[PDB]
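What follows is a set of notes on a single structure, which appears directly below.
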Amino acid sequence: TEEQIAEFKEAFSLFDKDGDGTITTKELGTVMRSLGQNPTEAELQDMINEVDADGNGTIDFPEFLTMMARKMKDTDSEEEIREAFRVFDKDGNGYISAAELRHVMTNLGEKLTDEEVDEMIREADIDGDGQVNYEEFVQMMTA
Amino acid sequence: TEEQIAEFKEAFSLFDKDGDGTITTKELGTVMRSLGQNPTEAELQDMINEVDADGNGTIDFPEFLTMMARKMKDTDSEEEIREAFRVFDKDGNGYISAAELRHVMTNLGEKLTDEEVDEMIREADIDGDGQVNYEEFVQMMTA
Amino acid sequence: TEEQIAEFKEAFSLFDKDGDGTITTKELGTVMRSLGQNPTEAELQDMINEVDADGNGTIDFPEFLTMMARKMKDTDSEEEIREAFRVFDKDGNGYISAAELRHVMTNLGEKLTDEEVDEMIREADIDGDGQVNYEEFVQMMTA
Amino acid sequence: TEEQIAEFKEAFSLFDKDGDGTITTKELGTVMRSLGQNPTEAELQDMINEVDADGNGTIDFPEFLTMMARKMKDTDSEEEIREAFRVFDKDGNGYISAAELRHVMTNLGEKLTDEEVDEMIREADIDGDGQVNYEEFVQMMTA
Amino acid sequence: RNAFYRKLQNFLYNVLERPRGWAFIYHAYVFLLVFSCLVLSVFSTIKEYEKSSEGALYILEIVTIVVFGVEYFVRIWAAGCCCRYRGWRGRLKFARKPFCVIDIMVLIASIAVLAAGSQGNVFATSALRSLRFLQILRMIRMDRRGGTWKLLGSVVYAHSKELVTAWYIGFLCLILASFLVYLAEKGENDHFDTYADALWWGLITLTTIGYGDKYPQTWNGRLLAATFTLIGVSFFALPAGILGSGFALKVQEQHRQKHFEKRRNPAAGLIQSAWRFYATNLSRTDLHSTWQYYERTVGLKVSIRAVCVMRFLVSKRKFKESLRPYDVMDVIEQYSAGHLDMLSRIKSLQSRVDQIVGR
Amino acid sequence: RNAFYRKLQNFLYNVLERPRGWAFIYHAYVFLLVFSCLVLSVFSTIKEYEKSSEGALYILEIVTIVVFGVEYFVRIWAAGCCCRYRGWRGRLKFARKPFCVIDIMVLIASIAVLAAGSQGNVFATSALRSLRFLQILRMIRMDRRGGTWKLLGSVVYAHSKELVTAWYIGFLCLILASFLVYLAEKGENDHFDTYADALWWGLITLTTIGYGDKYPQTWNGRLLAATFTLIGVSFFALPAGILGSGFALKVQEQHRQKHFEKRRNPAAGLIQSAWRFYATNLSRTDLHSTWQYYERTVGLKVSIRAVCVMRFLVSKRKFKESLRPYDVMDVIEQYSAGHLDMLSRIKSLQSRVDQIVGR
Amino acid sequence: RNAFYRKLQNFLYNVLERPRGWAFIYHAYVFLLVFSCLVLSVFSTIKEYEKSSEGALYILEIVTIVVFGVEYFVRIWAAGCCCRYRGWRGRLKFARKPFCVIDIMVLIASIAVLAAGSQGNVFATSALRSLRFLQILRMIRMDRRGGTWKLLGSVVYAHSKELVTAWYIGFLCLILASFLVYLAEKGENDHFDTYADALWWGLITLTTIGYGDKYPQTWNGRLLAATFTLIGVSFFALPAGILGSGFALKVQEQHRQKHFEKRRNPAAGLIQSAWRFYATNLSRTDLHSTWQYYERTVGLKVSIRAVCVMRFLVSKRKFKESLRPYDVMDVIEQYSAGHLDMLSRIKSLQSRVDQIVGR
Amino acid sequence: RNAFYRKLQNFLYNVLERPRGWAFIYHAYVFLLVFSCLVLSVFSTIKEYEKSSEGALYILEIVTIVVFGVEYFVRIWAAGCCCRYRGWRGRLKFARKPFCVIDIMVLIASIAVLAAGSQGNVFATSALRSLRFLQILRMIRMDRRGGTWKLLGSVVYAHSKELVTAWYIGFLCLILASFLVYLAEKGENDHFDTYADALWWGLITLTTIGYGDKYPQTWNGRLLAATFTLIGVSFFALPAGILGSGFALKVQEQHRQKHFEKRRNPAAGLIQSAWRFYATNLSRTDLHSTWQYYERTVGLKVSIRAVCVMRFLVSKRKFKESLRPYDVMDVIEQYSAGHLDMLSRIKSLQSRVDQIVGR
Ligand SMILES: Nc1c(NC(=O)CCC2CCCC2)ccc(NCc2ccc(C(F)(F)F)cc2)c1F
């Protein structure tokens, strides 16, 4: 619908501070750096090319829209999630204890607060056991 | 007995300068650094996890007591000692000259004074020959 | 003819600023560095030995003349060109799109202006399609 | 004879500036550094152990005398010389041109003046051809 | 009740589908059981031992069919442990798997053979070939993953050109040597009465078999056979060595890579990013956890969605790169990155203590 | 018209000359077709099956000759896609290739055999050997590149000394063991009636053949055969393992190197330099593009020519070095260069904050 | 007296238990001696040579039994050199070792055979099989460590999946090809009178044996045998190449690692730490050496005990990590650590000459 | 005169002693010549072809003896090119070499056989075995270096334990399987009339020979032979694969190391140091070159001698270390040294801009 396109246009305007119409590496670094998340410019610039359909070194509005429509269902992330919870399953039972989730969330990757892992256990620990199965959570992705 | 537990409590208090009840990496670095031995913080912090039963990043009193009870007999250090004197036995005879002990002690590992190697030769050189056998010394460990 | 030899003598004089008669690494670095192209001294010095027939660490007038006579036809550069356009042919069809030429020219090697790639497409894009064949261009070299 | 021993004692005294009786790494570095040859302390210290018979970290008078008696004939340097001139023989003919000797002497190892290579060609170029054989020179060593 | 129920379900699924330690023992037993059956069937085909072995063969046949049926039922039940197959439709989908259908066809064929071919215990002559083929297919099915076939195919493809070269040369020399031996000993030797006998002899020879039914007897044929045997026995045995060496190299690389820590960390990054993605969905009127977390770290909602998806997709890519660890590529990439970082450092110090020199 | 014409030309050239995916299928079919022909010819040589197979053999012969002719014509036409062979002289040069001449000789020999040897489909006795040899040569030609032969030769040369050692030892033990067995069983056994029978037996033995026509029967001959069999069967089978292992190692290295990015970038540098060279030609009254570009970057014309050629030739050298990427040499060279750069850095900082300490 | 006594004890223990150089010669001699015995026993089993070989066989039997007994006594005496086995109980524990019990059972069995079976040197018919089995077990015992068996088992386990795949495919093709050849030549050929003859022939074939007792004679059976021989002889010979390649790779890695200096230094650290641990025992009213040393480096006593044990256990761990040196893991870990150190350096310089820029 | 004389001398020495390119051709020809001789002698041993081949055999024998003599003379003359063997005593020492003595014994044995055994051309019956043995030894001598033997011995020693394990297991299974087959088919089968026939059959089997003279016929013997064949044919073929793989690995490493520049530079350092040593001899009243050079770089004379010898011996050691380049050890040592240098750098910067912070 036109509502989502208008929201994407507003997002691009909030991104295109220079108004160039193609959010550039330095500009997209600035937009989120001011908020409070300050990733190194290397990650931003090397990510731009991964989504730059036309390969212009920036992101134009079509490249914004195409991914904005692209949800979790695409990009076959299912296999990546399977591997991701299989690596941390030292037993191979297909399930992982909640406390291990707390620890791995806290001490690896982009660290998040106890609130984030709290909502994580809320969603995943549907049966309230702690030993949450991987398959159910990954099904929740597409669902 | 309660005497050993009281001594361990006194040790922990002398360690828990902050009084947190779980001697932390920086605190255990400080406690021995002041004495005169100043190991790099890396060794201390990476050692803590090796004994951290609960994995809290520190050492709590239970983790203190469990190892305080754990002596040389546990941790199957026998094999490590066997390898350790087998590496320095260039002949494989099962015995090593005392002078080689002097040299290796002085110029490798945590260096010690001639007094330390003096008590070493006292204990190991039971028969007073210099070519001390490895097996007898390693038996002395458990004994 | 004597005209080319005189031109080479003029070139050497414009190179032999010190008048040593054998343009040295530092001197040949200076001569082109002043113009506006400032390659690192390492490239110049390690290139000198590649052409230094007598191995004196410099270039004498005979070594100037021998290569001045040496054109593209020599040095069997044909194979190098074949490999060079075969690497950038992701399809193996033997032809490469002009836009890929624009991109590779701009973002790799010694970068050149759109004018350089413009004359490139002029010469190579004889039939005006964009998907220029490698074999024809490499034939143009010897021709 | 006692003459050589007296000369070695004089050499050691000229080396034992501190008078310790065992020329130490820093002292042997100082003695030759003052002369005009200033090798990095690493080379000196790592060389000392190679000749330190008792392994004291220094050189005592017995270790001085033992090598002072040890000439080219010992240490089976013949094989090392064979390899050394075989590596620089790009043809394998068993002989090397004198000009290549000039170049390799000048641009590798401890560089020496044209005078050193001049006496070299004097000794080696017995038949005055330039393509000096390796076997004859290496025989001259023991001779 | 449900706790122990699910514990047993997962334990049975692990034993049957993914056996690691003690489970293999059970599998081995079944294999041995199945193996014994053919042996007994083997021993039953001989008339002098059929009367002595048929009763045990029939008993073992009942035992093995019962075991296979109960195993199939237990497996299709334990498929509920994994969430891919749960409920009526989930179990149906699990049954859709090719090896599950193979199992049920095996069971029904065994039932049919035991009903029709066995008017009693001993089996019908026509049903005997079907029974033997059924045993062959059971042995085929013994492994459900087919990991052996996949490994063999992957190794063959890795050496596809090269096995092809070996086979092509072997076939060429076989044809050519057979042709000349047929020429030399067309009439002199009855063994090579025809070119086809020569081809059979050449195959028997190049494979190092040497039955002895056919062989050259003339000087010229013997000389040619000698020469081309020397030439081509190595080519014929080559594929075996090719495969063996390649297999050892593959297992060696697999052992080399085993560490997998740089694979562990990107997994954590990616899973945290995925949870952020799910928690930042705009259409969901929930997940205030990540919403307020980001509100601490700051059109606005859509911008947060966009940035979160950027980082999640890039983290997915990063985990993908860490998915395959190679020591050689690890060292190359790590050293390139470290060298670039070092270059940045030195540029900083240069310009910076240049600023200092200015003062 | 011309666009589709050239598209078809390049597609056919790719399918015939450089097949990667689906094209191989077609090739395989032709091979199978050709294969079938010999089989039918095979089945036609036997009298009891000649009357039943000769008609199909003849039909397949017409089919295969027609297919080969049309393939040759299509290939010599599609050779125009590449600019090496275009026009009358270009197609002539393409025909000059050794495998093209092999193809035309095959076609003419097939025509001659079908015309003379086949009075009525049935083939002449004399023409039969020529037909079989023609099929053998067609099978040889099946691969045009000869990449299999080149690979085998390269691998053999890589192990030339070492295969030589294996062969030399094998031959020595064969001769020596044959000699002693001939001595021991000269008269006792009719099998070793002559030394030559002993040599034939020894070759049959050391190759693991074991025909059974000849074999020692005496205690001494049997003992010697046992000992030297143990010694030399391993030597005789060695070349097979040598080649297999070496083949696997070669493919492993090829897989290791595959990345090729440091080969990509120097290609760009070199091609830009080559275009500069062509654009800076003095005798050409054109190419003002690079001329004015350099005029921005600045006797003069010749100096620009000289510098451009310096950089072009050095870039050619650099691309040549990147032509062969080896992980081991990559790491060694990269670390040496980085260490030298680091040394330069530290000398800078030392002298430089020494200047600072002076202040 | 005691010095030379212990010198001889250790020398004998080294020669018998852990032979490196000249000791092997003696072992070899014994092996040869033992080998000769079976050969003589071999030569004694034949009637035409029994009368000529039995006396030498008996003499060598007395010699070998005496040698084995004296060797056992010398070994159980020299076991005192190592402190694991010293005194009555130590020697008893040494005798408890499985190969020591094997040796004594060998000795007693030899005594029993020589007493009962040899009523007159020459041996009894029943005792002959026992004697041969005793020789077989002596040959088994020749190596006391069993290092060959351990190495073979380790290599097999390293390739367990993969040897399993090879064996499984080989068995499948053997069964299937045997079945079809039995079908094709059930009545035509008496060789394959039964399926079991077909299985025996298929095993003889796939192993490259080619006895010649059985072989296909029909066109269809011969064709099927040809195809499945080509398919499966490579599979049957695969395990040999697998093992050989893997063995060579293992020895290559062992040669690669040999340096072992980073294993040397942590040994020194760990042994110094262990001596500190023993010297810092609180319950011991001795060891004032380390006590006063620490008193120079400074509740107090227990704290010193605690810190010493921390460092000793961590040094034990560190030596454990250095216990297994791998070049690849060495480079990876060393470069990671160096990169982290470099990062620390650059952070220091950045913040630090930022402080300078502030001034 | 002398220039061309020595040029020819070195060229002949290179061709005969160290052939690289075209020289091998000549060697090959001689080998072929020698090869032909045995073949002709071979063809001369058969009576039906002796009358037709003896004349050519005799002519080739004269040719080969003349060629060997002239080659020996040319080689012992060209030995003067190298300074190890020059003059009467030098040529005598060259003749002392074992292969030179082998050559002269070959020549004299050929002369003796041609004089005594050949009343004319035809050769004596007794001299025939000596002639054949002489040809065998000539073939042995074909290679003078013995590099093949040295390579084989080195590779075997590299795998000594492991070949030993393979051989030991193979022998054990051979003995044991032979024993049981002898038990099972002692009377039923005349093939295994004796245990020795069983051993011969087992050796023929485990080697994949399959002569067919002996083979099990009973169910039990056939079963046991099947099992132990499966077990042990792989073990018997193992040494071949072991050696082949190891050979390929060795050549692969040799190819890997080839670069050798860090071996080049220390050679220059060491040779310069050696020339300094010779130039600084105190007893020599010459060599003022290095004397005055050092006088520029400055009891005194002896001190200069001492320092020069220190640096020369250490440079010899350094060249020794560079004598063996290994990529793995190269990277390890280079990275350790660079890391230590980097540590020194960072300590410098730390203390140094600490001095700055103090100001
Ligand atoms: N062991 C073996 C070998 N040899 C080796 O694997 C050597 C190493 C092993 C490990 C330790 C002892 C020996 C070679 C090929 C096969 N073929 C597969 C096979 C065919 C037929 C049957 C059956 F007919 F007996 F069932 C069983 C299986 C095989 F098994």
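Starting from 1 in every chain, residues are counted up; chains themselves are A, B, ... following the order of the structure tokens, and ligands are numbered from 1 as listed.
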
Exercise for the section: Once DSSP has gone over the backbone, tell me which residues of chain C are in alpha helix (DSSP H), as an MDAnalysis selection string. Expected result: chainID C and resid 2:15 25:35 41:51 61:69 77:87 98:107 114:124 134:142

Using only C-alpha atoms, tabulate the residues of chain E lying at most 6 Å from any atom of chain F, each with its closest atom pair and that distance in Å to one decimal, by chain and increasing residue number, as CSV.
```
residue,atom,partner,partner_atom,distance
E:165,CA,F:148,CA,5.1
E:208,CA,F:209,CA,4.4
E:209,CA,F:209,CA,5.3
E:210,CA,F:211,CA,4.3
E:211,CA,F:211,CA,5.6
E:212,CA,F:211,CA,4.2
E:234,CA,F:240,CA,4.5
E:238,CA,F:240,CA,5.2
E:241,CA,F:244,CA,4.9
E:242,CA,F:244,CA,4.1
E:245,CA,F:245,CA,5.4
E:246,CA,F:248,CA,5.4
```

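Here is the contact set of chain D against chain H, at 6 Å and counting only C-alpha atoms: residues 10, 11, 35, 36, 84, 108, 109, 110, 115, 116, 135 and 136 of chain D.
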
Superimpose chain A on chain D so that the squared distances between all in-order C-alpha pairs are minimised, and send the result as an mmCIF file with C-alpha atoms, in the first residue's frame.
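So result02.cif came out as:
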```
data_model
loop_
_atom_site.group_PDB
_atom_site.id
_atom_site.type_symbol
_atom_site.label_atom_id
_atom_site.label_comp_id
_atom_site.auth_asym_id
_atom_site.auth_seq_id
_atom_site.Cartn_x
_atom_site.Cartn_y
_atom_site.Cartn_z
ATOM 1 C CA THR A 1 104.137 -22.907 22.785
ATOM 2 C CA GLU A 2 103.978 -20.353 25.595
ATOM 3 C CA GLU A 3 104.098 -17.500 23.061
ATOM 4 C CA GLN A 4 100.608 -18.231 21.738
ATOM 5 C CA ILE A 5 99.250 -18.646 25.275
ATOM 6 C CA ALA A 6 100.752 -15.292 26.261
ATOM 7 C CA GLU A 7 99.194 -13.672 23.188
ATOM 8 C CA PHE A 8 95.818 -15.172 24.115
ATOM 9 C CA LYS A 9 96.214 -13.852 27.668
ATOM 10 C CA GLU A 10 96.936 -10.389 26.267
ATOM 11 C CA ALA A 11 93.866 -10.692 24.034
ATOM 12 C CA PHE A 12 91.702 -11.699 26.995
ATOM 13 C CA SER A 13 93.004 -8.783 29.064
ATOM 14 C CA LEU A 14 92.202 -6.448 26.164
ATOM 15 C CA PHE A 15 88.746 -8.092 26.216
ATOM 16 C CA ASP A 16 88.202 -8.370 29.981
ATOM 17 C CA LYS A 17 87.972 -4.615 30.514
ATOM 18 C CA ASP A 18 86.114 -5.254 33.777
ATOM 19 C CA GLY A 19 88.760 -7.841 34.680
ATOM 20 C CA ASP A 20 86.117 -10.449 35.512
ATOM 21 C CA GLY A 21 88.191 -13.167 33.828
ATOM 22 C CA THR A 22 85.230 -14.263 31.666
ATOM 23 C CA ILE A 23 84.456 -11.832 28.846
ATOM 24 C CA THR A 24 80.714 -11.201 29.117
ATOM 25 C CA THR A 25 78.210 -10.448 26.356
ATOM 26 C CA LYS A 26 78.009 -6.715 27.071
ATOM 27 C CA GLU A 27 81.783 -6.467 27.478
ATOM 28 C CA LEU A 28 82.575 -8.258 24.213
ATOM 29 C CA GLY A 29 80.000 -6.044 22.534
ATOM 30 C CA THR A 30 81.741 -2.962 23.918
ATOM 31 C CA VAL A 31 85.258 -4.069 22.978
ATOM 32 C CA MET A 32 84.560 -4.345 19.243
ATOM 33 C CA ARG A 33 81.852 -1.660 19.140
ATOM 34 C CA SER A 34 84.437 0.963 20.110
ATOM 35 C CA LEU A 35 86.707 -0.104 17.239
ATOM 36 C CA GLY A 36 84.176 0.787 14.540
ATOM 37 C CA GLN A 37 82.208 -2.423 13.992
ATOM 38 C CA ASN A 38 78.913 -2.197 15.892
ATOM 39 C CA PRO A 39 76.927 -5.427 15.536
ATOM 40 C CA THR A 40 73.581 -5.584 17.288
ATOM 41 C CA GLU A 41 73.825 -7.004 20.800
ATOM 42 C CA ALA A 42 71.506 -9.849 19.769
ATOM 43 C CA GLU A 43 74.094 -11.393 17.447
ATOM 44 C CA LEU A 44 76.831 -11.210 20.078
ATOM 45 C CA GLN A 45 74.752 -12.652 22.912
ATOM 46 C CA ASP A 46 73.295 -15.479 20.823
ATOM 47 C CA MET A 47 76.790 -16.280 19.531
ATOM 48 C CA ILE A 48 78.285 -16.524 23.039
ATOM 49 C CA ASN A 49 76.208 -19.593 23.907
ATOM 50 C CA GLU A 50 77.346 -21.315 20.698
ATOM 51 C CA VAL A 51 80.957 -21.314 21.965
ATOM 52 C CA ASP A 52 80.209 -21.312 25.720
ATOM 53 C CA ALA A 53 81.478 -24.781 26.591
ATOM 54 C CA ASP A 54 80.531 -24.459 30.268
ATOM 55 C CA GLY A 55 77.335 -22.566 29.427
ATOM 56 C CA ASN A 56 78.035 -19.700 31.836
ATOM 57 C CA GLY A 57 76.698 -17.044 29.451
ATOM 58 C CA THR A 58 80.234 -15.724 28.888
ATOM 59 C CA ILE A 59 83.579 -16.855 27.481
ATOM 60 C CA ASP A 60 86.298 -17.958 29.894
ATOM 61 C CA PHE A 61 89.968 -18.293 29.020
ATOM 62 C CA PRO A 62 89.735 -22.067 28.332
ATOM 63 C CA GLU A 63 86.937 -21.407 25.829
ATOM 64 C CA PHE A 64 89.147 -18.724 24.287
ATOM 65 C CA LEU A 65 92.139 -21.062 23.957
ATOM 66 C CA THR A 66 90.200 -24.052 22.630
ATOM 67 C CA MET A 67 88.928 -22.114 19.626
ATOM 68 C CA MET A 68 92.158 -20.139 19.187
ATOM 69 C CA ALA A 69 93.727 -23.539 18.563
ATOM 70 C CA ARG A 70 90.720 -24.508 16.417
ATOM 71 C CA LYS A 71 91.513 -23.469 12.838
ATOM 72 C CA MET A 72 89.685 -23.723 9.510
ATOM 73 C CA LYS A 73 90.614 -27.408 9.249
ATOM 74 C CA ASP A 74 88.270 -28.273 12.116
ATOM 75 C CA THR A 75 84.505 -27.670 12.263
ATOM 76 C CA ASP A 76 84.193 -29.465 8.879
ATOM 77 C CA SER A 77 83.660 -26.122 7.161
ATOM 78 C CA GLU A 78 84.464 -27.823 3.839
ATOM 79 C CA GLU A 79 80.843 -28.881 3.315
ATOM 80 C CA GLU A 80 79.616 -25.386 4.169
ATOM 81 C CA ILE A 81 81.963 -23.873 1.582
ATOM 82 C CA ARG A 82 80.851 -26.449 -0.989
ATOM 83 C CA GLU A 83 77.216 -25.491 -0.469
ATOM 84 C CA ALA A 84 78.108 -21.788 -0.395
ATOM 85 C CA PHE A 85 79.703 -21.751 -3.851
ATOM 86 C CA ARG A 86 77.224 -24.295 -5.192
ATOM 87 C CA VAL A 87 74.270 -22.014 -4.420
ATOM 88 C CA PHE A 88 75.805 -19.126 -6.396
ATOM 89 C CA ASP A 89 76.688 -21.405 -9.341
ATOM 90 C CA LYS A 90 73.632 -20.951 -11.562
ATOM 91 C CA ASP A 91 75.213 -23.294 -14.141
ATOM 92 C CA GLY A 92 76.573 -26.064 -11.915
ATOM 93 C CA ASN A 93 79.838 -26.104 -13.871
ATOM 94 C CA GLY A 94 81.760 -25.938 -10.589
ATOM 95 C CA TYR A 95 83.198 -22.506 -11.442
ATOM 96 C CA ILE A 96 81.979 -18.934 -10.948
ATOM 97 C CA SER A 97 82.861 -15.762 -12.836
ATOM 98 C CA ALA A 98 84.879 -13.143 -10.969
ATOM 99 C CA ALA A 99 82.386 -10.355 -11.721
ATOM 100 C CA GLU A 100 79.663 -12.335 -9.964
ATOM 101 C CA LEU A 101 82.046 -12.524 -7.006
ATOM 102 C CA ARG A 102 82.383 -8.734 -7.106
ATOM 103 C CA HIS A 103 78.609 -8.295 -7.138
ATOM 104 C CA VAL A 104 77.734 -10.866 -4.462
ATOM 105 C CA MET A 105 80.507 -9.613 -2.185
ATOM 106 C CA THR A 106 79.378 -6.004 -2.600
ATOM 107 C CA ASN A 107 75.609 -6.446 -2.250
ATOM 108 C CA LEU A 108 75.239 -9.258 0.308
ATOM 109 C CA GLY A 109 76.444 -10.290 3.742
ATOM 110 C CA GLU A 110 78.988 -8.120 5.514
ATOM 111 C CA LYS A 111 79.899 -5.815 2.649
ATOM 112 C CA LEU A 112 83.598 -5.247 1.974
ATOM 113 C CA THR A 113 85.554 -2.785 -0.146
ATOM 114 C CA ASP A 114 86.887 -3.425 -3.649
ATOM 115 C CA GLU A 115 90.233 -4.085 -1.931
ATOM 116 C CA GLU A 116 88.866 -7.184 -0.176
ATOM 117 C CA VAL A 117 87.453 -8.651 -3.379
ATOM 118 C CA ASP A 118 90.718 -7.648 -5.073
ATOM 119 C CA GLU A 119 92.749 -9.862 -2.755
ATOM 120 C CA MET A 120 90.008 -12.486 -3.181
ATOM 121 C CA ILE A 121 90.480 -12.562 -6.958
ATOM 122 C CA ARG A 122 94.244 -12.527 -6.405
ATOM 123 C CA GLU A 123 94.080 -15.718 -4.345
ATOM 124 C CA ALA A 124 91.297 -17.540 -6.201
ATOM 125 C CA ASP A 125 92.067 -16.452 -9.781
ATOM 126 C CA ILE A 126 95.332 -18.381 -9.815
ATOM 127 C CA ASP A 127 95.092 -19.089 -13.558
ATOM 128 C CA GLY A 128 93.769 -15.588 -14.286
ATOM 129 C CA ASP A 129 90.555 -16.456 -16.155
ATOM 130 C CA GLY A 130 87.730 -15.032 -14.011
ATOM 131 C CA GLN A 131 85.791 -18.315 -14.015
ATOM 132 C CA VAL A 132 87.414 -19.514 -10.805
ATOM 133 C CA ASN A 133 86.774 -23.097 -9.698
ATOM 134 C CA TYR A 134 85.307 -23.730 -6.252
ATOM 135 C CA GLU A 135 87.222 -26.931 -5.495
ATOM 136 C CA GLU A 136 90.662 -25.323 -5.741
ATOM 137 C CA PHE A 137 89.730 -22.449 -3.442
ATOM 138 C CA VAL A 138 88.207 -24.758 -0.836
ATOM 139 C CA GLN A 139 91.356 -26.884 -0.990
ATOM 140 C CA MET A 140 93.325 -23.712 -0.281
ATOM 141 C CA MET A 141 91.400 -23.467 3.009
ATOM 142 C CA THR A 142 92.921 -26.601 4.540
ATOM 143 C CA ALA A 143 96.230 -25.861 2.792
#
```

Exercise for the section: Show which residues sit within 9 Å of residue 106 in chain H, as a PyMOL selection string. Count only C-alpha atoms, and ignore same-chain residues fewer than 6 positions away. Expected result: chain H and resi 68+134-135+137-138

Name all residues at most 10 Å from residue 80 in chain H (count only C-alpha atoms; drop same-chain ones fewer than 3 positions away) and give them as an mmCIF file with C-alpha atoms, in the first residue's frame.
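Result file is selection.cif:
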```
data_model
loop_
_atom_site.group_PDB
_atom_site.id
_atom_site.type_symbol
_atom_site.label_atom_id
_atom_site.label_comp_id
_atom_site.auth_asym_id
_atom_site.auth_seq_id
_atom_site.Cartn_x
_atom_site.Cartn_y
_atom_site.Cartn_z
ATOM 1 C CA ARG H 6 89.422 -27.897 -20.261
ATOM 2 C CA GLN H 9 86.956 -31.967 -20.078
ATOM 3 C CA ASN H 10 84.202 -30.249 -18.092
ATOM 4 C CA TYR H 13 82.418 -34.793 -16.985
ATOM 5 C CA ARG H 75 85.379 -40.553 -17.502
ATOM 6 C CA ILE H 76 88.671 -41.181 -15.712
ATOM 7 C CA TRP H 77 90.186 -38.517 -17.972
ATOM 8 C CA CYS H 83 90.104 -30.479 -8.416
ATOM 9 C CA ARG H 84 89.374 -33.419 -6.104
ATOM 10 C CA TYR H 85 90.902 -35.748 -8.714
ATOM 11 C CA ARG H 86 93.822 -34.290 -10.664
ATOM 12 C CA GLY H 87 97.210 -35.754 -11.508
ATOM 13 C CA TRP H 88 98.358 -39.333 -11.112
ATOM 14 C CA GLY H 90 94.004 -37.742 -8.167
ATOM 15 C CA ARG H 91 93.011 -40.127 -10.946
ATOM 16 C CA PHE H 94 88.915 -41.305 -8.539
#
```

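Relative to CA of residue 108 in chain H, CA of residue 126 in chain H is found at 17.1 Å.
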
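If only C-alpha atoms and all ligand atoms are the atoms counted, then among H:161, H:145, H:191, H:222 the closest residue to ligand 1 is H:222.
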
Exercise for the section: Just the residues within 12 Å of residue 228 in chain F, please, counting only C-alpha atoms, with nothing from its chain fewer than 2 positions along; format it as a PyMOL selection string. Expected result: (chain F and resi 169-181+202-203+205-206+221-226+230-236) or (chain H and resi 203+207)

Problem - Contact residues around residue 63 in chain E with only C-alpha atoms at 10 Å, ignoring same-chain residues under 4 positions, as a PyMOL selection string - result: chain E and resi 33-34+37+57-59+67-68

Practice task
List every residue of range 68-141 of chain D that DSSP, applied to the backbone, labels as strand (DSSP E or B), and write the result as a PyMOL selection string.
Solution key: chain D and resi 95-96+132-133

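Of note, CA of residue 12 in chain F and CA of residue 27 in chain F are spaced 12.3 Å apart.
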